[PDB]
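**Q** an experimental structure, sequence included, is below.
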Amino acid sequence: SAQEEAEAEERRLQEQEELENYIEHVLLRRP
């Protein structure tokens, strides 16, 4: 582990935690 890698880790959680809702609504409201 390290400081740099640690910064990227959380980045994935914050990006995913929010992304999960993206496709969740985008797909649910599909054409």
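**A** Thanks, I have it. Residues are numbered from 1 along each chain as shown.

**Q** give the contact list for residue 15.
**A** When the contact criterion is C-beta atoms under 8 Å, 6 or more residues apart in numbering, residue 15 has no partners at all. In short, each C-beta sits where N, CA and C put it, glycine included.

**Q** that one and residue 4, how far apart?
**A** Between residue 15 and residue 4 the distance is 17 Å, computed by C-beta to C-beta, to the nearest Å.

**Q** next, residue 30: secondary structure please.
**A** The assignment at residue 30 comes out as coil when based on DSSP: H, G, I helix; E, B strand; the rest coil.

**Q** what is the neighbour count of it?
**A** 6 (other C-beta atoms under 10 Å).

**Q** residue 20 sits in which helix or strand?
**A** With the criterion set as DSSP states H and E, the secondary-structure element containing residue 20 is helix 3-28.

**Q** quick check: buried residues in that helix?
**A** Taking 16 or more other C-beta atoms under 10 Å as the neighbour-count basis, helix 3-28 is seen to contain no buried residue.
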